[PDB]
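J.: model-v8.tsv (TSV, C-alpha atoms and all ligand atoms) pasted underneath:
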chain	number	residue	atom	x	y	z
P	5	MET	CA	-9.69	-25.64	-4.62
P	6	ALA	CA	-8.24	-22.08	-4.76
P	7	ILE	CA	-10.38	-19.03	-3.79
P	8	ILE	CA	-7.49	-16.85	-4.94
P	9	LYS	CA	-6.81	-17.66	-8.60
P	10	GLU	CA	-3.45	-17.25	-10.32
P	11	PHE	CA	-4.86	-14.06	-11.97
P	12	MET	CA	-7.16	-11.83	-9.88
P	13	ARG	CA	-8.92	-8.54	-10.52
P	14	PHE	CA	-9.89	-5.92	-7.96
P	15	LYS	CA	-11.98	-2.81	-7.61
P	16	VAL	CA	-11.12	0.00	-5.17
P	17	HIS	CA	-12.84	3.22	-3.97
P	18	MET	CA	-11.18	5.80	-1.74
P	19	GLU	CA	-12.83	8.74	0.05
P	20	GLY	CA	-10.32	11.16	1.35
P	21	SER	CA	-9.22	14.64	2.20
P	22	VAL	CA	-5.81	16.27	2.46
P	23	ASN	CA	-5.40	19.61	4.22
P	24	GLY	CA	-9.15	20.03	3.90
P	25	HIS	CA	-9.44	19.22	0.20
P	26	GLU	CA	-12.01	16.48	-0.26
P	27	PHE	CA	-11.82	14.01	-3.07
P	28	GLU	CA	-12.85	10.54	-4.17
P	29	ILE	CA	-11.00	8.02	-6.34
P	30	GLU	CA	-12.31	4.92	-8.05
P	31	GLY	CA	-10.01	2.32	-9.62
P	32	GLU	CA	-9.60	-1.21	-10.92
P	33	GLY	CA	-6.56	-3.42	-10.78
P	34	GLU	CA	-5.29	-6.86	-11.64
P	35	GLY	CA	-2.31	-9.07	-10.97
P	36	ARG	CA	-0.86	-12.48	-10.28
P	37	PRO	CA	-1.08	-12.97	-6.51
P	38	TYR	CA	1.40	-15.87	-6.33
P	39	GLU	CA	3.98	-14.13	-8.51
P	40	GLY	CA	3.98	-10.91	-6.48
P	41	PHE	CA	2.99	-8.29	-9.02
P	42	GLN	CA	0.01	-6.16	-9.81
P	43	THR	CA	-1.19	-3.08	-11.67
P	44	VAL	CA	-3.98	-0.56	-11.02
P	45	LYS	CA	-5.68	2.30	-12.86
P	46	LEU	CA	-7.14	5.09	-10.72
P	47	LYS	CA	-9.47	7.95	-11.62
P	48	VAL	CA	-10.05	11.02	-9.44
P	49	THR	CA	-13.87	11.07	-9.66
P	50	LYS	CA	-14.51	14.04	-7.29
P	51	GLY	CA	-12.29	16.84	-6.11
P	52	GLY	CA	-9.91	16.78	-9.10
P	53	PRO	CA	-7.47	18.08	-9.93
P	54	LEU	CA	-5.80	17.33	-6.56
P	55	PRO	CA	-3.80	20.19	-5.04
P	56	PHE	CA	-1.21	17.88	-3.55
P	57	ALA	CA	1.33	15.22	-4.48
P	58	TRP	CA	-0.10	11.93	-5.86
P	59	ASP	CA	2.74	10.04	-4.13
P	60	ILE	CA	1.16	10.20	-0.67
P	61	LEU	CA	-1.79	8.22	-2.12
P	62	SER	CA	0.19	5.69	-4.17
P	63	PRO	CA	0.82	3.10	-1.35
P	64	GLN	CA	-2.89	3.04	-0.49
P	69	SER	CA	-3.15	-4.61	-1.97
P	70	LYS	CA	-1.41	-7.21	0.19
P	71	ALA	CA	-3.04	-10.27	-1.33
P	72	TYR	CA	-0.54	-9.97	-4.17
P	73	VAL	CA	2.70	-10.45	-2.23
P	74	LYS	CA	4.71	-13.52	-3.32
P	75	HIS	CA	5.49	-15.69	-0.20
P	76	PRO	CA	7.75	-18.68	-0.03
P	77	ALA	CA	5.95	-21.83	1.22
P	78	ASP	CA	7.64	-21.57	4.65
P	79	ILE	CA	6.23	-18.13	5.51
P	80	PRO	CA	2.50	-18.26	6.33
P	81	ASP	CA	0.72	-15.96	3.83
P	82	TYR	CA	-1.66	-14.61	6.49
P	83	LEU	CA	-3.43	-12.10	4.27
P	84	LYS	CA	-4.13	-14.60	1.42
P	85	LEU	CA	-5.36	-17.08	4.05
P	86	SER	CA	-7.82	-14.51	5.32
P	87	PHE	CA	-9.99	-14.83	2.19
P	88	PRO	CA	-12.75	-14.99	1.17
P	89	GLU	CA	-13.83	-12.92	4.19
P	90	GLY	CA	-10.63	-10.87	3.96
P	91	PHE	CA	-8.87	-8.42	6.27
P	92	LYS	CA	-8.65	-4.82	7.40
P	93	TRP	CA	-5.76	-2.48	7.71
P	94	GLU	CA	-5.11	0.75	9.53
P	95	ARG	CA	-2.10	2.93	8.71
P	96	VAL	CA	-0.33	6.00	10.08
P	97	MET	CA	2.18	7.91	7.97
P	98	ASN	CA	4.30	10.44	9.84
P	99	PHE	CA	6.12	12.64	7.35
P	100	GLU	CA	9.39	14.35	8.22
P	101	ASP	CA	7.89	17.91	8.07
P	102	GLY	CA	4.99	17.04	10.37
P	103	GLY	CA	2.28	16.07	7.89
P	104	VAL	CA	0.25	13.05	8.98
P	105	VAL	CA	-1.84	10.64	6.90
P	106	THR	CA	-4.20	8.13	8.47
P	107	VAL	CA	-5.85	5.45	6.45
P	108	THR	CA	-8.37	2.66	7.06
P	109	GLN	CA	-9.07	-0.09	4.57
P	110	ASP	CA	-11.29	-3.08	4.13
P	111	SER	CA	-10.41	-5.94	1.78
P	112	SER	CA	-12.86	-8.71	0.82
P	113	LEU	CA	-13.44	-11.16	-2.03
P	114	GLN	CA	-16.88	-10.76	-3.66
P	115	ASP	CA	-18.17	-12.16	-6.95
P	116	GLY	CA	-14.77	-13.50	-7.94
P	117	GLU	CA	-12.68	-10.34	-7.44
P	118	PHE	CA	-11.16	-8.42	-4.58
P	119	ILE	CA	-13.08	-5.41	-3.25
P	120	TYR	CA	-11.14	-2.64	-1.58
P	121	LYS	CA	-12.66	0.29	0.38
P	122	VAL	CA	-10.27	3.00	1.62
P	123	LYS	CA	-10.74	6.11	3.76
P	124	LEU	CA	-7.86	8.52	4.03
P	125	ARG	CA	-7.18	11.80	5.76
P	126	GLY	CA	-4.01	13.92	5.57
P	127	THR	CA	-3.48	17.00	7.80
P	128	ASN	CA	-0.78	19.30	9.07
P	129	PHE	CA	1.15	19.45	5.75
P	130	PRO	CA	3.02	22.75	5.48
P	131	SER	CA	1.41	24.94	2.87
P	132	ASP	CA	4.85	25.45	1.26
P	133	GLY	CA	6.03	21.85	1.67
P	134	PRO	CA	6.69	19.24	-1.04
P	135	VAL	CA	3.27	17.64	-0.69
P	136	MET	CA	1.14	20.76	-1.02
P	137	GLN	CA	3.53	22.15	-3.67
P	138	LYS	CA	3.55	18.92	-5.76
P	139	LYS	CA	7.34	18.63	-5.61
P	140	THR	CA	7.73	14.83	-5.34
P	141	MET	CA	8.24	12.49	-8.29
P	142	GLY	CA	7.80	8.92	-7.22
P	143	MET	CA	9.03	6.68	-4.44
P	144	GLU	CA	12.14	4.53	-3.99
P	145	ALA	CA	11.96	0.77	-3.48
P	146	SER	CA	11.46	-0.16	0.12
P	147	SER	CA	11.40	-3.10	2.53
P	148	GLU	CA	8.44	-3.37	4.83
P	149	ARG	CA	9.35	-5.13	8.09
P	150	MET	CA	6.49	-7.45	9.01
P	151	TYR	CA	5.99	-8.85	12.55
P	152	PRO	CA	3.22	-10.42	14.59
P	153	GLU	CA	1.90	-8.34	17.49
P	154	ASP	CA	-1.36	-7.81	19.35
P	155	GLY	CA	-3.08	-10.64	17.33
P	156	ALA	CA	-2.36	-8.98	13.95
P	157	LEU	CA	0.42	-8.61	11.41
P	158	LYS	CA	2.19	-5.26	11.71
P	159	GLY	CA	4.33	-3.59	9.06
P	160	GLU	CA	6.84	-0.80	9.49
P	161	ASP	CA	8.52	1.05	6.61
P	162	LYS	CA	10.36	4.28	5.86
P	163	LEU	CA	9.13	5.59	2.59
P	164	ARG	CA	11.43	7.84	0.56
P	165	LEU	CA	9.74	10.13	-1.94
P	166	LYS	CA	12.01	11.58	-4.58
P	167	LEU	CA	12.15	15.38	-4.71
P	168	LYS	CA	11.98	17.07	-8.11
P	169	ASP	CA	15.10	19.03	-7.20
P	170	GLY	CA	17.05	15.99	-5.93
P	171	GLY	CA	17.10	14.49	-2.43
P	172	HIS	CA	14.32	12.71	-0.54
P	173	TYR	CA	11.28	13.47	1.52
P	174	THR	CA	10.55	10.69	4.02
P	175	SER	CA	7.69	9.19	6.00
P	176	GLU	CA	7.67	6.66	8.88
P	177	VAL	CA	4.83	4.26	8.13
P	178	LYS	CA	3.16	1.88	10.61
P	179	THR	CA	0.36	-0.40	9.50
P	180	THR	CA	-1.74	-3.00	11.28
P	181	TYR	CA	-3.16	-5.74	9.01
P	182	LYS	CA	-5.76	-8.03	10.69
P	183	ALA	CA	-7.70	-10.97	9.23
P	184	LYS	CA	-11.45	-10.95	9.82
P	185	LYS	CA	-11.22	-14.51	11.29
P	186	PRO	CA	-8.29	-15.96	13.24
P	187	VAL	CA	-5.62	-17.08	10.81
P	188	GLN	CA	-2.16	-18.34	11.63
P	189	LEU	CA	0.31	-15.41	11.86
P	190	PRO	CA	3.83	-15.73	10.45
P	191	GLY	CA	6.98	-14.98	12.46
P	192	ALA	CA	8.73	-11.72	11.66
P	193	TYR	CA	9.93	-11.34	8.05
P	194	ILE	CA	10.51	-8.72	5.34
P	195	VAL	CA	8.63	-7.73	2.15
P	196	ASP	CA	10.69	-6.06	-0.60
P	197	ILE	CA	8.44	-3.72	-2.58
P	198	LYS	CA	8.81	-1.42	-5.56
P	199	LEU	CA	5.97	0.77	-6.71
P	200	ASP	CA	6.12	2.68	-10.03
P	201	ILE	CA	3.79	5.20	-11.60
P	202	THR	CA	3.49	3.85	-15.11
P	203	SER	CA	1.09	6.40	-16.65
P	204	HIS	CA	-0.63	9.64	-15.76
P	205	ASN	CA	-2.55	12.37	-17.50
P	206	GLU	CA	-1.48	15.98	-17.22
P	207	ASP	CA	-3.20	16.83	-13.92
P	208	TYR	CA	-2.91	13.33	-12.31
P	209	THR	CA	-6.61	12.80	-12.35
P	210	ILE	CA	-5.93	9.43	-14.12
P	211	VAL	CA	-2.93	7.48	-12.74
P	212	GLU	CA	-1.65	3.93	-13.34
P	213	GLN	CA	0.72	2.06	-11.01
P	214	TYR	CA	2.69	-1.20	-11.05
P	215	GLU	CA	3.99	-2.91	-7.93
P	216	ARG	CA	6.25	-5.87	-7.30
P	217	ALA	CA	6.29	-7.31	-3.75
P	218	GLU	CA	8.01	-10.41	-2.42
P	219	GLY	CA	8.33	-11.75	1.12
P	220	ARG	CA	11.53	-13.27	2.41
P	221	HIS	CA	13.13	-14.24	5.70
P	222	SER	CA	14.78	-11.37	7.61
P	223	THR	CA	18.48	-10.92	6.91
P	224	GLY	CA	19.20	-10.95	10.69
P	225	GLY	CA	22.29	-9.73	12.50
P	226	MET	CA	25.59	-11.26	13.44
P	227	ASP	CA	24.41	-11.13	17.06
P	228	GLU	CA	21.72	-13.78	16.34
P	229	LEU	CA	24.39	-16.31	15.31
P	230	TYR	CA	25.61	-16.48	18.88
P	231	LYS	CA	22.09	-16.98	20.42
P	301	ZN	ZN	0.08	-20.90	-13.78
P	302	ZN	ZN	-9.26	22.44	-2.30
P	303	ZN	ZN	-4.51	-6.25	-18.10
P	304	ZN	ZN	-19.24	16.93	-4.32
P	305	ZN	ZN	12.54	-20.34	3.65
P	306	ZN	ZN	18.16	10.27	0.72
P	307	ZN	ZN	-3.99	4.40	-19.35
P	308	ZN	ZN	5.25	12.40	-14.65
P	309	ZN	ZN	3.17	18.94	-18.54
P	310	ZN	ZN	19.44	-9.14	17.69
Can I see the file as structure tokens?
Ligand SMILES: [Zn+2]
Ligand SMILES: [Zn+2]
Ligand SMILES: [Zn+2]
Ligand SMILES: [Zn+2]
Ligand SMILES: [Zn+2]
Ligand SMILES: [Zn+2]
Ligand SMILES: [Zn+2]
Ligand SMILES: [Zn+2]
Ligand SMILES: [Zn+2]
Ligand SMILES: [Zn+2]

T.:
Amino acid sequence: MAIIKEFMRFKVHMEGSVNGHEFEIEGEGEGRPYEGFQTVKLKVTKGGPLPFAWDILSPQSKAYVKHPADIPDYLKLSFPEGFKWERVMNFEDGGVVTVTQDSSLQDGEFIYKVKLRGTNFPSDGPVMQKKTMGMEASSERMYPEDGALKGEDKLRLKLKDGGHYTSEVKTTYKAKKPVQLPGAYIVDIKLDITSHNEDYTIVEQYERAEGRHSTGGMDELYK
């Protein structure tokens, strides 16, 4: 019977630094992995208040993506051992965030460990000046490659003064044991900040994520 229950909790710890500013975050989350939604509460436990935009940290929990039965749910199937991911975010103004993560299931809940480093953000840019205010919905394009599941997305952070600040995101998600990979598909995601204290040292988020077949192009109908 099911390792991943219809309701699952998680704990997460991140160690990070952005433009030299070190910090740690601890959090706990919960959600319904087969329905595709989840929430999390994070606390900046060291290094607060952060001198940069929370939004670059917000996308740093793929067990909770709803999948139709005909798309292998590779990352759920990886449990209880779990999976790792590695991510590069290349922001439009040259800032770069790298992230590594380990996901496992221990004592009936998910355990997440994250390490993050951001560098090369302009001192007067929207990240270091805290001038973003959330992200738009996105669609992560998922595809098998090099024995892992890759995702590619273009994140759009909303600027306080209107307009967007963007990042090209590439992630590699790899099960700790060989698990059947899906074919290429798409995950529609929306992530909201649902609560924060005045200096964003306590932040709560809600995410909805659902996999579907790729829309495809007209060209493919002639194949
Ligand atoms: Zn039920
Ligand atoms: Zn500092
Ligand atoms: Zn609750
Ligand atoms: Zn310290
Ligand atoms: Zn289908
Ligand atoms: Zn735009
Ligand atoms: Zn709260
Ligand atoms: Zn706010
Ligand atoms: Zn205020
Ligand atoms: Zn084509």

J.: Quick one: what's the axis-aligned box for segment 166-182 of chain P, all listed atoms, 4 Å on every side, centre and edges in Å to one decimal, as AutoDock Vina command-line options?

T.:
--center_x 5.7 --center_y 5.5 --center_z 1.6 --size_x 30.9 --size_y 35.1 --size_z 27.4

J.: I'd like the interatomic distance between atom CA of residue 11 of chain P and atom CA of residue 90 of chain P, to a tenth of an Å.

T.: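 Computing it gives 17.2 Å between the two atoms.
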
J.: Check the smallest atom-to-atom distance from each of P:166, P:204, P:182, P:139 to residue 110 of chain P using all atoms listed in the file, then report the winner.

T.: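 Once distances to residue 110 of chain P are computed over all atoms listed in the file, the minimum belongs to P:182.
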
J.: Pick from P:83, P:141, P:22, P:226: nearest to ligand ZN 308 (chain P), with all atoms listed in the file counted?

T.: P:141

J.: Around ligand ZN 301 (chain P), out to 10 Å and counting only C-alpha atoms and all ligand atoms, which residues are there? I want them as a list in words.

T.: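 Counting only what the definition allows, namely only C-alpha atoms and all ligand atoms, the set is residues 9, 10, 11, 36, 38 and 39 of chain P.
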
J.: Ligand ZN 304 (chain P): which residues are within 10 Å, counting all atoms listed in the file? Reply as a PyMOL selection string.

T.: chain P and resi 26-28+49-51

J.: Mind running chain P against ligand ZN 305 (chain P) at 12 Å and telling me each contacting residue's nearest atom pair with the distance in Å (one decimal), counting only C-alpha atoms and all ligand atoms, chain and number ascending, as JSON lines?

T.:
{"residue": "P:75", "atom": "CA", "partner": "P:ZN305", "partner_atom": "ZN", "distance": 9.3}
{"residue": "P:76", "atom": "CA", "partner": "P:ZN305", "partner_atom": "ZN", "distance": 6.3}
{"residue": "P:77", "atom": "CA", "partner": "P:ZN305", "partner_atom": "ZN", "distance": 7.2}
{"residue": "P:78", "atom": "CA", "partner": "P:ZN305", "partner_atom": "ZN", "distance": 5.2}
{"residue": "P:79", "atom": "CA", "partner": "P:ZN305", "partner_atom": "ZN", "distance": 6.9}
{"residue": "P:80", "atom": "CA", "partner": "P:ZN305", "partner_atom": "ZN", "distance": 10.6}
{"residue": "P:190", "atom": "CA", "partner": "P:ZN305", "partner_atom": "ZN", "distance": 12.0}
{"residue": "P:191", "atom": "CA", "partner": "P:ZN305", "partner_atom": "ZN", "distance": 11.7}
{"residue": "P:193", "atom": "CA", "partner": "P:ZN305", "partner_atom": "ZN", "distance": 10.4}
{"residue": "P:194", "atom": "CA", "partner": "P:ZN305", "partner_atom": "ZN", "distance": 11.9}
{"residue": "P:219", "atom": "CA", "partner": "P:ZN305", "partner_atom": "ZN", "distance": 9.9}
{"residue": "P:220", "atom": "CA", "partner": "P:ZN305", "partner_atom": "ZN", "distance": 7.2}
{"residue": "P:221", "atom": "CA", "partner": "P:ZN305", "partner_atom": "ZN", "distance": 6.5}
{"residue": "P:222", "atom": "CA", "partner": "P:ZN305", "partner_atom": "ZN", "distance": 10.1}
{"residue": "P:223", "atom": "CA", "partner": "P:ZN305", "partner_atom": "ZN", "distance": 11.6}

J.: Could you tell me which of P:69, P:140, P:43, P:174 comes closest to ligand ZN 306 (chain P) if we count only C-alpha atoms and all ligand atoms?

T.: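 Comparing P:69, P:140, P:43, P:174 against ligand ZN 306 (chain P), the winner is P:174.
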
J.: Find the residues near ligand ZN 302 (chain P). Use a cut-off of 7 Å, count only C-alpha atoms and all ligand atoms, and write them as a list in words.

T.: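 These are the residues that qualify: residues 24, 25, 26 and 55 of chain P.
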